[PDB]
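The form deposited in one PDB entry is given below as one chain in structure tokens.
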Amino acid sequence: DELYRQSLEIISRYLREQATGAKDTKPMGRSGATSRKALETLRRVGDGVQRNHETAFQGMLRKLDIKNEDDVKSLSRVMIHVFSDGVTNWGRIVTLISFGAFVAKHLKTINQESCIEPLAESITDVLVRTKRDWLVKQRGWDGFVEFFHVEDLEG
């Protein structure tokens, strides 16, 4: 399942990088060029989402009250409720992953870094297993990179 594997790699790297503030220097697996570009795109667009919706992000984090492994496990149901049960577009996918990064940073701050990888898996499961048809129709991570591509300015 190449789409699942690629998705998990991109999402896991972004969440870990957000939490630690350090780039992972290990090579990507399969489809490395696209995955690198996808991660670069999340760095740009995801960071903006977290700031544009800072108050709402903080509010939801507070409401969720994430302390430990069991709370992190409980998030799948919430993601299905909020993300899966609605329209699908790249913006909503970016928000799913960006709020994930916001939770990952919280996990670092409460010294529960071990829960970041399970969190990344949960987000990937929700995205790929509930929206595969859409993702395939939209050309997967190549489509993601194409959708957010910015042309160079003249001059």
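Residue numbers here begin at 1 and follow the sequence given. Whichever C-alpha set is largest while still superposing within 1.5 Å between the two forms counts as the rigid core.
Here the subject shifts to the form deposited in another entry, a form of this protein not shown in this document.
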Superpose on the core and compare between this form and the one not shown; which one of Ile97, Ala38, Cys115, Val103 crosses the 2 Å Cα shift mark? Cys115
Given a core-based superposition, decide whether the C-alpha of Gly86 shifts by 2 Å or more between this form and the one not shown. yes
Where do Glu121 and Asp85 end up in that other deposited form, Cα atoms closer or farther than shown, with a change of 3 Å or more? farther
